[PDB]
Structure formats: structure tokens, C-alpha cells
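Report on the structure given below.
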């Protein structure tokens, strides 16, 4: 049931629902092996990462707890400064935990690198990133993910947590927007 007019706002589909499920299976197996019997805490940065987190955690077959952060980056221009406001911190301690940050997309890396530095400072046993999407040529900060679902060119993408003006996060697939939708 795919009748909504929203679907016609897409220039192309980069990942189908089935592709994304398959990505979760593959990453889940690897994370199971890596985190078997470890005190794993999966951390989602709100809002969009929650959808991928949900699907991914299902395929991690070892004990884990979950937690969430809500942050707001400062900008100079429309580029992030690295200064990041904590709207909601983690609700539990991560000292001596194995932390896995779960991300929908890795781009400039600037916000993520601050998050990462705050969490390292809390004496975690380890810290890694899983990201569904990676735009490797947009990287500004010195950061890369250990686990990556799909590398993509620098297109404007929506779906499966990724929004344009708060919409489209509910699509079960990921695709590119028509330039007519976001142009001026």
C-alpha cells in the first residue's frame, strides 16, 4: 500500500525496504560476534536514528541495553562549529560499558565527533559507530564508522528517519528528493 502522494516526490530509490532489512541482518551478525557476552549499550541520537536502531537491535543476538541522546549543534553559517548543546543526555552510566552509537547517516561528522569525545571522557570500555548511510566525501571532522550499511554520493536523501522539514521519516525506504521539492 504505497498510494500517498509523498512517493511521487522521489527522483530515485537508493535503498528499498528489503535492502535495509538485509543491511540490518548483515550488520547485526557482525555486531553479535563483536559484542557476544559484553556489556553493550546502544545509543541513538534523536530523532532520525531511532528507526534504524530499532531494526538493527532486533538482529543483535546478545544482551544489550539501549539509551538516547538529544543534542543541538551551533552553526556559523550553516556549518556546525563542533559546539553541541545537550538537550537530553544519556539516562544511565556508561563507565566500563561497551558503547555503540547508532546513526542513520554520517556526513560532515562534526556533531558526531563532539558526541564521541563526551562519551570517551566517561571511561567507557570501548566506543564504536554503526551508520546506515555514509557520504564519505562530505567528511569535515576526523572520524569514520566501524560499521557502515551503504555509501552514497552527496544527494539529498529522505526516508527511514531522514527528513525534509520534519516529513518523510516514515517512508520505509530511502531515496532522493526531486529538486523541485526543496528548491527556492
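In the entry's author numbering, the protein residues as written are 2 to 185.
Ideal placement from N, C-alpha and C gives every residue a C-beta, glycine not left out.
Beta bridge counterpart(s) of residue i as assigned by DSSP
i	result
residue 66	42
residue 175	16
residue 10	In DSSP, residue 10 forms no bridge with anything.
residue 71	89
For residue i, three-class secondary structure by DSSP
i	result
residue 59	coil
residue 160	strand
residue 47	coil
residue 165	strand
residue 155	coil
residue 4	coil
residue 1	Since the first and last residues shown for the chain are 2 and 185, residue 1 lies out of range.
residue 185	coil
residue 37	coil
Buried/exposed call for residue i, threshold 16 Cβ in 10 Å
i	result
residue 3	exposed
residue 78	exposed
residue 84	exposed
residue 98	buried
residue 187	The chain is shown only over 2 to 185; residue 187 falls outside these bounds and no answer can be derived.
residue 104	buried
residue 176	buried
residue 135	buried
residue 6	exposed
residue 168	exposed
residue 92	exposed
Whole-angstrom distance between residue j and residue i, CA atom to CA atom
i	j	result
residue 139	residue 147	17 Å
residue 64	residue 161	25 Å
residue 182	residue 56	29 Å
residue 109	residue 37	31 Å
residue 95	residue 185	44 Å
residue 170	residue 164	5 Å
residue 41	residue 66	7 Å
residue 150	residue 101	15 Å
residue 39	residue 12	43 Å
residue 88	residue 116	12 Å
- Query: Taking only runs of the beta strand (DSSP E) that begin and end inside the segment 73 to 151, which ones reach a length of at least 3 residues, in chain order?
  - Reply: 80 to 89, 99 to 107 and 127 to 135
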